Amino acid sequence: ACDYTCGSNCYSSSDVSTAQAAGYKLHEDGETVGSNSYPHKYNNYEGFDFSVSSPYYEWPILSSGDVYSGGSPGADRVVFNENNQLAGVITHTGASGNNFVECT
Ligand SMILES: Nc1nc2c(ncn2[C@@H]2O[C@H](CO)[C@H]3O[P@](O)(=S)O[C@H]32)c(=O)[nH]1
Ligand SMILES: [Ca+2]
């Protein structure tokens, strides 16, 4: 069973922890990867009811199992805060345009 289901993509807690650690590391060092500069600030225009405090940062999580290192980020993202606390897992899949919906 999936801990997080983003459309057709299935993730475990390990997948999420691995992705988050990478993105948080880059955030801490003040570095970015990709043409869209990840990780970067996630404003939460959607207004998700996250259990942890802002600021939030988004980092791509890949269905391939690899850690994002550039190129197409896919539709899925892990959102974490300043304290490396997981806020949630969101996706563009099933959402209009560039909006997001939570992964169930
Ligand atoms: N939909 C959405 N995009 C945001 C938000 N904060 C920052 N963005 C960035 O704005 C871009 C347009 O939606 C998005 O491409 P993305 O790379 S997944 O990073 C997203 C937010 O709260 N909602
Ligand atoms: Ca996996």
Side-chain angles (χ1 to χ4, degrees):
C2 315
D3 285 316
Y4 297 96
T5 304
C6 304
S8 301
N9 299 333
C10 182
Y11 300 113
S12 66
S13 291
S14 304
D15 290 330
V16 176
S17 293
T18 296
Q20 181 180 339
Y24 186 73
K25 165 69 171 177
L26 281 159
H27 169 66
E28 273 193 314
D29 297 340
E31 290 166 341
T32 62
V33 299
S35 296
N36 287 128
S37 301
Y38 297 109
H40 64 236
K41 194 184 176 195
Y42 176 65
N43 299 119
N44 194 26
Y45 295 137
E46 278 77 15
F48 294 122
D49 212 349
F50 295 139
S51 299
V52 299
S53 303
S54 59
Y56 302 119
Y57 299 93
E58 61 174 285
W59 174 254
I61 180 169
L62 313 177
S63 61
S64 63
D66 291 335
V67 166
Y68 182 74
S69 57
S72 192
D76 315 330
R77 309 281 185 273
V78 299
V79 179
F80 60 90
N81 72 5
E82 212 61 59
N83 293 155
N84 201 9
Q85 299 183 285
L86 178 70
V89 180
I90 60 177
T91 181
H92 281 303
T93 301
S96 181
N98 285 132
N99 293 313
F100 284 107
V101 283
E102 284 195 86
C103 295
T104 53

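Numbers for residues simply follow the sequence, beginning at 1.
The aromatic ring centres of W59 and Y68 sit less than 6.0 Å apart. In this structure, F48 has its ring center at least 6.0 angstrom away from the ring center of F100.
For the pairing with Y11, the side chain to side chain donor-acceptor pair (under 3.5 Å) check across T5, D76, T18 returns one residue only, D76. With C103 as reference, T91 is the one residue of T91, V78, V16, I61 to meet the side-chain contact (heavy atoms from CB on, under 4.5 Å) rule.
Distance check: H27 NE2 to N84 CG gives 9.5 Å after rounding to the nearest 0.5 Å. The structure places OH of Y56 at 7.0 Å from CG of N81, a figure rounded to the nearest 0.5 Å. Here CD of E102 is found 9.5 Å from OH of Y4. Values are rounded to the nearest 0.5 Å. Note that CD of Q85 and OG of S53 are 7.0 Å apart. Values are rounded to the nearest 0.5 Å. Between the CG atom of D15 and the CD atom of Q20 there is a distance of 12.5 Å, given to the nearest 0.5 Å. Summarising the geometry, atom OG belonging to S14 is positioned 8.0 Å from atom CG belonging to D3; distances are rounded to the nearest 0.5 Å.
Linking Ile, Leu, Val, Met, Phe, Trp and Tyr residues whenever their side-chain heavy atoms come within less than 4.5 Å places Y42 and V52 in a single cluster. Under the 4.5 Å side-chain heavy-atom criterion for ILVMFWY residues, no single connected hydrophobic cluster contains both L86 and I90.
The heavy-atom pair separating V89 from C6 by the smallest distance is CG1-SG, 3.7 Å. What you find for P39 and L26 is that their closest heavy atoms are CD-CB, 3.7 Å. Closest approach of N98 and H92 over heavy atoms only: O-CE1, 3.0 Å. When every heavy atom of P55 is checked against every heavy atom of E82, the shortest pair comes out as CG-OE1, 3.4 Å. Here the closest non-hydrogen pair linking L62 and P73 is CD2-O, 3.7 Å. Across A19 and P60, no two heavy atoms sit closer than the pair CB-O, 4.4 Å.
Taking a 6.0 Å sphere around CG of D49, one finds it holds 12 or fewer heavy atoms contributed by other residues, nucleotides or ligands.
Using a distance-only test at 3.5 Å, with no hydrogens or angles considered, no donor-acceptor pair links the side chain of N9 to the main chain of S63. A donor-acceptor contact shorter than 3.5 Å is absent between the side chain of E46 and the backbone of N99.
Using a 30° and 60° split on the angle between ring planes, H40 and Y38 fall in the parallel class, below 30°.
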